[PDB]
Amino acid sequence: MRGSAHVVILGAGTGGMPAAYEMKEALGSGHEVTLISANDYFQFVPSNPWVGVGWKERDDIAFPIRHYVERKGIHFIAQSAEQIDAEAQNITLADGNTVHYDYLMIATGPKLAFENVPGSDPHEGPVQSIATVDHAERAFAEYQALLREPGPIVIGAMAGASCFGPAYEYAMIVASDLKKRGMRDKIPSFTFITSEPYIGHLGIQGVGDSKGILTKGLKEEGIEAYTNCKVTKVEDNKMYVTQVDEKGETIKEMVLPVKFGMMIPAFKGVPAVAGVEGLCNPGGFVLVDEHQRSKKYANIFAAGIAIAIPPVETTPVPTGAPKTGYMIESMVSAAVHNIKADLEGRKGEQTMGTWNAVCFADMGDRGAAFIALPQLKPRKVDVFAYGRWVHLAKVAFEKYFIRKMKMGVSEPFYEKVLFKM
(Lines of atoms letter the chains of each structure in order from A and count residues from 1; the text may use other names and numbers.)
(Lines give C-alpha, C1' and ligand atoms only; values in the text may rest on other atoms or scores of the structure.)
Protein backbone atom coordinates (compact mmCIF):
# COMPACT_ATOMS: atom_id res chain seq x y z
CA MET A 1 0.00 0.00 0.00
CA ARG A 2 0.94 3.69 -0.22
CA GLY A 3 3.76 4.50 2.21
CA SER A 4 3.96 0.80 3.02
CA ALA A 5 4.94 -0.87 -0.25
CA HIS A 6 4.10 -4.57 -0.43
CA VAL A 7 6.95 -6.63 -1.95
CA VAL A 8 6.29 -10.08 -3.38
CA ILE A 9 9.06 -12.54 -4.19
CA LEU A 10 7.96 -15.22 -6.61
CA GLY A 11 9.86 -18.50 -6.25
CA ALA A 12 11.73 -19.76 -3.21
CA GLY A 13 14.86 -21.26 -4.74
CA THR A 14 18.55 -20.32 -5.02
CA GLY A 15 17.81 -16.65 -5.77
CA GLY A 16 14.32 -16.32 -4.29
CA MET A 17 15.04 -17.62 -0.79
CA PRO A 18 17.91 -15.24 -0.11
CA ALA A 19 16.01 -12.45 -1.88
CA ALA A 20 13.18 -12.79 0.66
CA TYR A 21 15.49 -12.44 3.66
CA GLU A 22 17.47 -9.60 2.11
CA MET A 23 14.34 -7.79 1.03
CA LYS A 24 12.86 -7.98 4.53
CA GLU A 25 16.20 -7.04 6.07
CA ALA A 26 16.53 -4.07 3.68
CA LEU A 27 12.96 -2.80 4.14
CA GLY A 28 12.39 -3.48 7.82
CA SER A 29 9.16 -3.44 9.82
CA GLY A 30 7.36 -0.76 7.79
CA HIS A 31 6.93 -2.95 4.70
CA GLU A 32 5.23 -6.27 3.95
CA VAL A 33 7.42 -8.96 2.38
CA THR A 34 5.72 -12.04 0.94
CA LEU A 35 7.43 -15.14 -0.47
CA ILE A 36 5.40 -17.27 -2.92
CA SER A 37 6.56 -20.63 -4.21
CA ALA A 38 5.20 -23.81 -5.78
CA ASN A 39 6.66 -26.05 -3.08
CA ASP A 40 6.59 -25.65 0.70
CA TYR A 41 10.25 -26.71 0.95
CA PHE A 42 13.68 -25.46 -0.12
CA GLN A 43 16.03 -27.79 -1.96
CA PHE A 44 19.76 -27.44 -2.65
CA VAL A 45 19.84 -27.96 -6.41
CA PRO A 46 23.57 -28.83 -6.97
CA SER A 47 23.02 -31.89 -4.74
CA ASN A 48 20.34 -33.44 -6.96
CA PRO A 49 22.77 -35.45 -9.15
CA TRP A 50 23.91 -37.27 -5.98
CA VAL A 51 20.33 -38.01 -5.04
CA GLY A 52 19.94 -39.26 -8.62
CA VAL A 53 22.44 -41.99 -7.90
CA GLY A 54 21.41 -42.46 -4.27
CA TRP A 55 24.49 -40.88 -2.68
CA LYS A 56 22.21 -38.35 -0.97
CA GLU A 57 18.71 -38.43 0.50
CA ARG A 58 15.98 -35.82 0.09
CA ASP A 59 16.27 -35.23 3.87
CA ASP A 60 19.89 -34.13 3.51
CA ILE A 61 19.27 -31.47 0.88
CA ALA A 62 15.71 -30.23 1.49
CA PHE A 63 13.72 -28.65 4.31
CA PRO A 64 10.34 -26.91 5.01
CA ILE A 65 10.52 -23.14 4.37
CA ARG A 66 7.66 -21.68 6.46
CA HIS A 67 9.08 -21.50 10.00
CA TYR A 68 12.43 -20.07 8.82
CA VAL A 69 11.06 -17.11 6.86
CA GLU A 70 8.11 -16.41 9.17
CA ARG A 71 10.35 -15.98 12.18
CA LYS A 72 12.03 -13.24 10.16
CA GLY A 73 8.76 -11.42 9.44
CA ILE A 74 8.31 -12.85 5.94
CA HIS A 75 4.90 -14.12 4.81
CA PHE A 76 4.99 -17.50 3.10
CA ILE A 77 2.50 -18.82 0.58
CA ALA A 78 3.23 -22.36 -0.58
CA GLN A 79 1.17 -22.06 -3.71
CA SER A 80 2.04 -21.91 -7.40
CA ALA A 81 1.21 -18.70 -9.29
CA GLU A 82 -0.93 -19.52 -12.33
CA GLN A 83 -1.37 -15.99 -13.57
CA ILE A 84 0.24 -12.58 -13.26
CA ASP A 85 -1.70 -9.46 -14.26
CA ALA A 86 0.94 -6.75 -14.56
CA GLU A 87 -1.54 -3.94 -15.12
CA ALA A 88 -3.59 -4.64 -12.00
CA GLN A 89 -0.48 -5.99 -10.25
CA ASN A 90 -2.39 -9.09 -9.18
CA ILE A 91 -1.09 -12.62 -8.90
CA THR A 92 -3.57 -15.47 -9.30
CA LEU A 93 -2.68 -18.58 -7.31
CA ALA A 94 -3.38 -22.24 -8.02
CA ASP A 95 -6.19 -22.30 -5.45
CA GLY A 96 -7.76 -19.25 -7.05
CA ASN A 97 -6.84 -16.70 -4.40
CA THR A 98 -5.30 -13.46 -5.62
CA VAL A 99 -2.37 -11.49 -4.20
CA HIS A 100 -1.70 -7.82 -4.93
CA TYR A 101 1.80 -6.36 -5.02
CA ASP A 102 3.45 -2.98 -5.26
CA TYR A 103 6.76 -4.53 -6.29
CA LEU A 104 7.20 -7.98 -7.76
CA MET A 105 10.48 -9.83 -7.82
CA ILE A 106 10.44 -12.79 -10.16
CA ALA A 107 12.73 -15.67 -9.18
CA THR A 108 10.90 -18.58 -10.79
CA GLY A 109 13.97 -20.29 -12.25
CA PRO A 110 13.59 -22.57 -15.26
CA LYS A 111 10.76 -24.47 -16.86
CA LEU A 112 12.20 -27.87 -17.89
CA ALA A 113 11.20 -27.92 -21.54
CA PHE A 114 10.62 -31.65 -22.01
CA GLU A 115 8.03 -30.76 -24.65
CA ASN A 116 10.91 -29.89 -27.04
CA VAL A 117 11.58 -33.63 -27.23
CA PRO A 118 8.49 -35.86 -27.51
CA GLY A 119 8.90 -38.82 -25.14
CA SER A 120 11.66 -37.12 -23.10
CA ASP A 121 9.48 -36.26 -20.12
CA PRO A 122 10.54 -38.48 -17.20
CA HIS A 123 6.99 -39.74 -16.77
CA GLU A 124 6.89 -40.62 -20.47
CA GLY A 125 9.88 -42.91 -20.89
CA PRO A 126 13.36 -44.08 -19.84
CA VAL A 127 14.99 -40.64 -20.08
CA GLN A 128 15.06 -39.18 -16.58
CA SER A 129 16.01 -35.92 -14.92
CA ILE A 130 18.11 -34.84 -11.96
CA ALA A 131 17.02 -31.17 -12.07
CA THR A 132 14.79 -31.38 -9.00
CA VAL A 133 14.78 -33.61 -5.96
CA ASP A 134 11.48 -35.11 -7.12
CA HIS A 135 13.08 -35.99 -10.46
CA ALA A 136 16.34 -37.20 -8.95
CA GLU A 137 14.42 -39.60 -6.71
CA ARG A 138 12.68 -40.89 -9.81
CA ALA A 139 16.04 -41.09 -11.59
CA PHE A 140 17.45 -43.21 -8.74
CA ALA A 141 14.43 -45.52 -8.80
CA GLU A 142 15.00 -46.18 -12.51
CA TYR A 143 18.71 -46.64 -11.74
CA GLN A 144 17.79 -49.48 -9.39
CA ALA A 145 15.54 -50.95 -12.07
CA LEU A 146 18.58 -50.91 -14.38
CA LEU A 147 20.59 -52.74 -11.72
CA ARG A 148 17.99 -55.49 -11.61
CA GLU A 149 17.89 -55.57 -15.42
CA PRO A 150 21.17 -54.28 -16.88
CA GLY A 151 20.81 -52.58 -20.26
CA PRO A 152 22.13 -49.61 -22.27
CA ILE A 153 22.77 -46.29 -20.52
CA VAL A 154 22.51 -42.87 -22.15
CA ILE A 155 23.34 -39.66 -20.22
CA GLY A 156 23.87 -36.16 -21.64
CA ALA A 157 22.30 -32.81 -22.55
CA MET A 158 19.61 -31.81 -25.03
CA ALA A 159 19.59 -29.21 -27.74
CA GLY A 160 19.11 -25.81 -26.09
CA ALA A 161 20.51 -26.92 -22.74
CA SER A 162 22.67 -24.45 -20.76
CA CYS A 163 23.52 -26.52 -17.71
CA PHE A 164 26.10 -29.07 -18.88
CA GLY A 165 28.23 -29.69 -15.79
CA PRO A 166 25.63 -31.79 -13.97
CA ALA A 167 25.37 -34.13 -16.99
CA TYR A 168 29.08 -34.84 -16.82
CA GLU A 169 28.83 -35.19 -13.06
CA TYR A 170 25.94 -37.61 -13.29
CA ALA A 171 27.64 -39.73 -15.94
CA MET A 172 30.82 -39.97 -13.90
CA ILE A 173 29.15 -40.87 -10.61
CA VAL A 174 26.87 -43.39 -12.29
CA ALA A 175 29.97 -45.06 -13.71
CA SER A 176 31.61 -44.87 -10.32
CA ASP A 177 28.64 -46.36 -8.56
CA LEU A 178 28.34 -49.23 -11.04
CA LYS A 179 31.96 -50.13 -10.25
CA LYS A 180 31.27 -49.98 -6.52
CA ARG A 181 28.42 -52.41 -7.03
CA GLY A 182 30.61 -54.54 -9.29
CA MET A 183 27.99 -54.04 -11.98
CA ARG A 184 29.86 -51.92 -14.54
CA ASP A 185 30.57 -54.93 -16.76
CA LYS A 186 26.89 -55.86 -17.12
CA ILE A 187 26.25 -52.61 -18.98
CA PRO A 188 26.18 -53.26 -22.77
CA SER A 189 26.98 -49.66 -23.72
CA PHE A 190 27.34 -46.36 -21.92
CA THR A 191 26.92 -43.39 -24.22
CA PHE A 192 27.15 -39.64 -23.61
CA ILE A 193 25.11 -37.42 -25.90
CA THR A 194 25.47 -33.66 -25.96
CA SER A 195 24.50 -30.59 -27.95
CA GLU A 196 27.89 -29.04 -27.18
CA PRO A 197 29.99 -28.45 -30.30
CA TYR A 198 32.76 -30.27 -28.39
CA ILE A 199 33.27 -32.07 -25.06
CA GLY A 200 33.79 -29.62 -22.20
CA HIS A 201 32.35 -26.66 -24.13
CA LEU A 202 29.99 -26.34 -21.16
CA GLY A 203 28.04 -23.66 -23.01
CA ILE A 204 30.89 -21.26 -22.33
CA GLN A 205 33.31 -22.14 -25.11
CA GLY A 206 35.33 -24.15 -22.63
CA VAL A 207 37.21 -23.13 -19.52
CA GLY A 208 40.81 -24.05 -18.67
CA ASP A 209 41.40 -27.55 -20.04
CA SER A 210 37.81 -28.69 -19.53
CA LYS A 211 37.94 -30.10 -23.05
CA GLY A 212 40.96 -32.38 -22.56
CA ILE A 213 40.05 -33.31 -19.00
CA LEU A 214 36.39 -34.15 -19.62
CA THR A 215 37.31 -36.05 -22.80
CA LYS A 216 39.84 -38.19 -20.93
CA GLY A 217 37.41 -38.63 -18.02
CA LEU A 218 34.66 -40.05 -20.24
CA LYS A 219 37.28 -42.21 -21.96
CA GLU A 220 38.57 -43.59 -18.60
CA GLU A 221 35.08 -44.74 -17.69
CA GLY A 222 34.46 -46.49 -21.00
CA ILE A 223 31.87 -43.92 -22.05
CA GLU A 224 31.40 -43.22 -25.75
CA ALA A 225 30.82 -39.54 -26.45
CA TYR A 226 28.98 -37.73 -29.25
CA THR A 227 28.86 -33.98 -29.74
CA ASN A 228 26.81 -31.67 -31.93
CA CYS A 229 23.76 -33.82 -31.21
CA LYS A 230 20.09 -33.09 -30.90
CA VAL A 231 17.52 -35.67 -29.83
CA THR A 232 14.46 -35.65 -32.10
CA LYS A 233 12.29 -37.95 -29.98
CA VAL A 234 12.21 -40.62 -27.31
CA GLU A 235 10.00 -43.53 -28.31
CA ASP A 236 9.68 -47.29 -27.75
CA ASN A 237 12.50 -46.90 -25.23
CA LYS A 238 14.83 -45.64 -27.92
CA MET A 239 16.46 -42.26 -28.26
CA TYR A 240 16.46 -40.85 -31.76
CA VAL A 241 19.56 -38.74 -32.23
CA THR A 242 20.60 -36.44 -35.09
CA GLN A 243 24.24 -35.32 -35.36
CA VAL A 244 25.25 -32.31 -37.43
CA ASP A 245 28.50 -30.85 -38.73
CA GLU A 246 29.85 -27.33 -38.15
CA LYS A 247 27.34 -26.01 -40.70
CA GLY A 248 24.35 -27.86 -39.27
CA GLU A 249 24.23 -30.50 -41.99
CA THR A 250 23.30 -33.99 -40.85
CA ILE A 251 26.35 -36.25 -40.76
CA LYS A 252 24.52 -39.09 -39.11
CA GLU A 253 21.42 -40.25 -37.31
CA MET A 254 21.37 -42.79 -34.54
CA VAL A 255 18.80 -44.90 -32.77
CA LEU A 256 19.92 -45.67 -29.24
CA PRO A 257 18.08 -48.15 -27.05
CA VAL A 258 17.81 -46.83 -23.50
CA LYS A 259 17.33 -49.01 -20.42
CA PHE A 260 18.35 -46.02 -18.32
CA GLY A 261 18.88 -42.42 -19.32
CA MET A 262 19.20 -38.85 -18.11
CA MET A 263 19.36 -35.86 -20.43
CA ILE A 264 19.48 -32.31 -19.17
CA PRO A 265 16.57 -30.53 -20.88
CA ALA A 266 16.47 -27.06 -22.38
CA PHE A 267 15.28 -24.39 -19.90
CA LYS A 268 12.45 -22.02 -20.74
CA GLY A 269 10.63 -19.48 -18.58
CA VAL A 270 7.80 -20.78 -16.41
CA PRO A 271 4.32 -20.33 -17.95
CA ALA A 272 2.89 -17.84 -15.40
CA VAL A 273 5.83 -15.52 -16.11
CA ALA A 274 6.16 -16.20 -19.86
CA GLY A 275 2.43 -15.57 -20.05
CA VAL A 276 2.82 -11.91 -19.01
CA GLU A 277 2.33 -9.76 -22.08
CA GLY A 278 5.49 -7.98 -23.20
CA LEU A 279 7.45 -9.12 -20.18
CA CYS A 280 9.63 -11.85 -21.75
CA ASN A 281 11.55 -12.89 -24.85
CA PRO A 282 10.19 -15.79 -26.94
CA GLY A 283 11.91 -18.19 -24.51
CA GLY A 284 9.85 -16.83 -21.60
CA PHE A 285 12.85 -15.18 -20.00
CA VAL A 286 12.24 -11.80 -18.33
CA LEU A 287 13.82 -8.94 -20.28
CA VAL A 288 15.57 -6.78 -17.70
CA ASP A 289 18.12 -4.01 -17.53
CA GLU A 290 21.44 -3.91 -15.69
CA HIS A 291 19.61 -2.97 -12.51
CA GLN A 292 17.46 -6.14 -12.78
CA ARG A 293 14.33 -4.07 -13.59
CA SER A 294 11.86 -5.29 -16.20
CA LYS A 295 12.15 -3.19 -19.37
CA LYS A 296 8.34 -3.10 -19.52
CA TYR A 297 7.16 -2.67 -15.92
CA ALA A 298 9.05 -0.41 -13.55
CA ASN A 299 7.75 -2.27 -10.48
CA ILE A 300 8.78 -5.71 -11.70
CA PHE A 301 12.29 -6.99 -11.10
CA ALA A 302 13.85 -10.39 -11.88
CA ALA A 303 16.80 -12.53 -10.84
CA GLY A 304 18.27 -15.96 -11.41
CA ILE A 305 17.59 -18.32 -14.31
CA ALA A 306 14.34 -16.43 -14.99
CA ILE A 307 16.02 -13.40 -16.60
CA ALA A 308 17.07 -13.08 -20.24
CA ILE A 309 20.78 -12.99 -21.05
CA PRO A 310 21.90 -12.41 -24.67
CA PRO A 311 23.93 -15.23 -26.36
CA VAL A 312 27.50 -14.53 -27.39
CA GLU A 313 27.90 -17.50 -29.68
CA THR A 314 25.72 -19.50 -32.00
CA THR A 315 26.50 -23.24 -31.89
CA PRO A 316 25.69 -25.78 -34.67
CA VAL A 317 23.16 -27.31 -32.29
CA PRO A 318 21.48 -24.60 -30.17
CA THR A 319 22.97 -24.32 -26.66
CA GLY A 320 22.80 -21.76 -23.87
CA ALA A 321 25.25 -20.29 -21.38
CA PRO A 322 24.56 -21.28 -17.75
CA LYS A 323 23.41 -18.90 -15.05
CA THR A 324 25.16 -19.87 -11.88
CA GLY A 325 25.01 -19.26 -8.15
CA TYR A 326 27.42 -16.41 -7.50
CA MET A 327 26.01 -14.36 -10.40
CA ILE A 328 22.44 -15.09 -9.33
CA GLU A 329 23.25 -13.77 -5.88
CA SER A 330 24.68 -10.57 -7.37
CA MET A 331 21.45 -10.25 -9.31
CA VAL A 332 19.33 -10.77 -6.17
CA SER A 333 21.43 -8.30 -4.23
CA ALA A 334 21.15 -5.65 -6.95
CA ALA A 335 17.39 -6.03 -7.26
CA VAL A 336 16.86 -5.71 -3.49
CA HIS A 337 19.03 -2.61 -3.42
CA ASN A 338 17.24 -0.98 -6.35
CA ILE A 339 13.72 -1.70 -5.09
CA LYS A 340 14.62 -0.21 -1.73
CA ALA A 341 15.99 2.81 -3.59
CA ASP A 342 12.77 3.07 -5.59
CA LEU A 343 10.86 3.09 -2.29
CA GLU A 344 12.99 6.04 -1.26
CA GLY A 345 12.97 8.24 -4.35
CA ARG A 346 16.20 7.48 -6.18
CA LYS A 347 16.79 5.19 -9.10
CA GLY A 348 18.99 2.34 -7.93
CA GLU A 349 22.30 2.31 -9.78
CA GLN A 350 23.38 -1.09 -8.53
CA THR A 351 24.09 -3.74 -11.16
CA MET A 352 24.78 -7.45 -11.31
CA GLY A 353 28.44 -6.72 -12.08
CA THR A 354 30.66 -8.69 -14.45
CA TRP A 355 29.15 -11.81 -16.06
CA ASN A 356 30.66 -15.02 -14.69
CA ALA A 357 30.19 -18.75 -14.33
CA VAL A 358 31.28 -20.83 -11.38
CA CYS A 359 30.49 -24.51 -10.99
CA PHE A 360 31.48 -27.32 -8.66
CA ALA A 361 31.09 -31.03 -9.30
CA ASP A 362 31.84 -33.78 -6.79
CA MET A 363 32.75 -37.26 -8.07
CA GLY A 364 32.90 -38.63 -4.55
CA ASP A 365 36.46 -38.30 -3.27
CA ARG A 366 37.44 -35.51 -5.61
CA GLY A 367 35.79 -32.65 -7.41
CA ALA A 368 36.10 -30.53 -10.49
CA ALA A 369 35.32 -26.83 -10.52
CA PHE A 370 35.64 -23.83 -12.80
CA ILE A 371 35.60 -20.09 -12.87
CA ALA A 372 35.23 -18.07 -16.03
CA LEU A 373 34.84 -14.32 -16.45
CA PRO A 374 33.73 -12.35 -18.17
CA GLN A 375 31.63 -14.15 -20.77
CA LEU A 376 33.70 -13.53 -23.92
CA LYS A 377 37.35 -14.49 -24.50
CA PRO A 378 39.99 -13.62 -23.86
CA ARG A 379 38.87 -13.82 -20.23
CA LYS A 380 40.26 -12.15 -17.11
CA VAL A 381 39.80 -15.45 -15.29
CA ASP A 382 39.61 -18.82 -16.99
CA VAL A 383 40.32 -21.68 -14.66
CA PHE A 384 39.58 -25.37 -14.24
CA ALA A 385 40.53 -27.35 -11.15
CA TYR A 386 40.33 -30.88 -9.90
CA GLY A 387 41.19 -32.61 -6.65
CA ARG A 388 40.09 -33.84 -3.25
CA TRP A 389 40.03 -30.17 -2.12
CA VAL A 390 37.29 -29.37 -4.63
CA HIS A 391 35.24 -32.18 -3.05
CA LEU A 392 35.89 -30.78 0.42
CA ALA A 393 34.76 -27.37 -0.84
CA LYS A 394 31.48 -28.63 -2.31
CA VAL A 395 30.70 -30.32 1.00
CA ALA A 396 31.49 -27.10 2.85
CA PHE A 397 29.35 -24.90 0.63
CA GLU A 398 26.23 -27.05 0.77
CA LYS A 399 26.48 -27.17 4.56
CA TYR A 400 26.95 -23.40 4.66
CA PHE A 401 24.28 -22.46 2.14
CA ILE A 402 21.65 -24.62 3.79
CA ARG A 403 22.43 -23.20 7.24
CA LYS A 404 22.20 -19.68 5.81
CA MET A 405 18.78 -20.48 4.36
CA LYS A 406 17.61 -21.54 7.80
CA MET A 407 19.29 -18.71 9.71
CA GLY A 408 18.60 -15.84 7.31
CA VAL A 409 20.95 -13.59 5.38
CA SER A 410 21.36 -9.80 5.62
CA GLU A 411 23.51 -9.48 3.58
CA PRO A 412 26.31 -8.85 1.20
CA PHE A 413 26.15 -12.61 0.95
CA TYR A 414 29.51 -13.82 -0.34
CA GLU A 415 31.76 -12.69 2.44
CA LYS A 416 32.76 -16.35 2.62
CA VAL A 417 35.71 -15.02 0.67
CA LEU A 418 36.90 -13.81 4.09
CA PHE A 419 38.91 -17.05 4.22
CA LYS A 420 41.68 -14.69 3.07
CA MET A 421 41.74 -12.39 6.13
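A residue's number is simply how far along the shown sequence it sits, counting from 1.
Across the two stretches, 82 to 90 and 191 to 199, the PDB entry reports the greater mean Cα temperature factor for 82 to 90.
Higher average CA B factor: 149 to 157, of the stretches 149 to 157 and 105 to 113. Looking at 268, 135, 211, 346, the one whose CA carries the top B-factor in the deposited record is 346. Annotation for 118, 182, 316, 166: 182 ranks highest, by Cα B-factor. Ranked against the other modelled residues of its chain, the C-alpha B-factor of residue 285 as given in the entry falls in the lowest third. When the modelled residues of the chain are ordered by C-alpha B-factor, residue 8 sits in the lowest third.
Placement of the Cα temperature factor of residue 323 within the chain: lowest third of the modelled residues, per the deposited record.
Per-chain ranking of the deposited C-alpha B factor places residue 57 in the highest third.
Placement of the Cα temperature factor of residue 360 within the chain: highest third of the modelled residues, per the deposited record.
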